[PDB]
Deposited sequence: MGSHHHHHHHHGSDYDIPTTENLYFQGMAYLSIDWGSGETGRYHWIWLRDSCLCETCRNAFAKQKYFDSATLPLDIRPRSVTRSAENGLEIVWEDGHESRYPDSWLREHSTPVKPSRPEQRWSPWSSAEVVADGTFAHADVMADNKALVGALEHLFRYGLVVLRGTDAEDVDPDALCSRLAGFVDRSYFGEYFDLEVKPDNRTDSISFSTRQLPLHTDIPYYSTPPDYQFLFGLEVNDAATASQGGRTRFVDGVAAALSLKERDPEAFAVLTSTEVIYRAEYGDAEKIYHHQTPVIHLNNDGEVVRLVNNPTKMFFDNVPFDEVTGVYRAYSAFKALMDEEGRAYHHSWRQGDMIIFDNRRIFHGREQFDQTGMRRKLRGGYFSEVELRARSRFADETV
């Protein structure tokens, strides 16, 4: 360090050059008065750092890396193996071809982090995965949820719900923010199939066949409502069936007909949305675009409740996963 050196600039050889501001070097101090090495958490608010902070001394040894003494006397050490590290979504499917690639073996994702990461990444991108067990296996659903997400999304229902045994729907449309992902587990299966359609593909299909119904569905709000006196909850959400972002990408689909009400659509647009809605539903019922699942015991299908329509003495067990948690499990498994 000479007085007035504007920032740190290191030549790593072969034209790789790192540049580091003093303010950020100060903010990044590794010492035990600045950050907890265990919790990797900071003890100060960056906001207090003196903006014009300069160092008094900058010394680099090949022995103990980069050592800085700041103007205020503080001392920081930076390993070169640290400075060099800093010198630097949805895919539609109009038909069930990509679901072969998205069937994984229970044992693999239970055992191997690369398989968990791989199955979760297929789920994030395509919105459905199938996790299949063997006969030698006796697949534990609580353990599989724990492997996937740590814990499930408690809802009005509880932690899980059972179906014992048909319009296509997404689930809980009356939540202003519905659960990200749903799972169905083959709790008890014998020796009529559940369908799965990508609403994103279907909505982009509809954009072409019928741009009118697309504009209507992406811009007219209907109502989803569920009264549940037992729990003292009325869930009431007014929202469009198809949601676009600021660039007109489909980013959510919301439809369960059984709680669907058109009561608040203006008189002159009512006929238009019944037509648009009926077009959309029919398009999805087309042979070709569903994936049909033959329920085997211990099967789990996890699917993106924001975009996959699904529909039906086997007994299934269902629940929901939060994107926050799946991604954090996937990120942990991938970086170890």
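- According to the record, the deposited residues with no C-alpha atom in the structure span 1-23, 112-120, 198-212, 239-245, 367-374, 399.
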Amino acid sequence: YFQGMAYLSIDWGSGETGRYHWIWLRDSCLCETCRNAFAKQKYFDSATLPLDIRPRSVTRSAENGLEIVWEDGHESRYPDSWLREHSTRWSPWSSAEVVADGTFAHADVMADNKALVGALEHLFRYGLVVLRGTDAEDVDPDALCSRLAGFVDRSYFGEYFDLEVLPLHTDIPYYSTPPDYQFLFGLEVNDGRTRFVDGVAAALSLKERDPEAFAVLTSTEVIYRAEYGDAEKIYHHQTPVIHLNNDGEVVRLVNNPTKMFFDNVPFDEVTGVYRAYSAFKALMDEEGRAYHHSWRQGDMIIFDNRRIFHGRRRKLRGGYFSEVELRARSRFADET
From here on, numbers count along this sequence of modelled residues.
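- When the two stretches 218-226 and 137-145 are set side by side, the higher mean Cα temperature factor goes to 137-145.
- Stretches 101-109 and 249-257 differ in mean CA B factor, with 101-109 having the higher one.
- Within the selection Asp263, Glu159, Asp198, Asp191, the deposited Cα B-factor values reach their highest point at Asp191.
- Out of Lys281, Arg26, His292, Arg307, the entry records its largest CA B-factor for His292.
- The PDB entry assigns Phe267 a C-alpha temperature factor belonging to the lowest third of its chain's modelled residues.
- Among the modelled residues of its chain, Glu85 has a C-alpha B-factor that falls in the highest third according to the deposited record.
- Split the chain's modelled residues into thirds by C-alpha temperature factor. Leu166 is in the highest one.
- In the deposited entry, the Cα temperature factor of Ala276 sits in the middle third of values across the chain's modelled residues.
- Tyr1 sits in the highest third of its chain by CA B factor, as recorded in the PDB entry.
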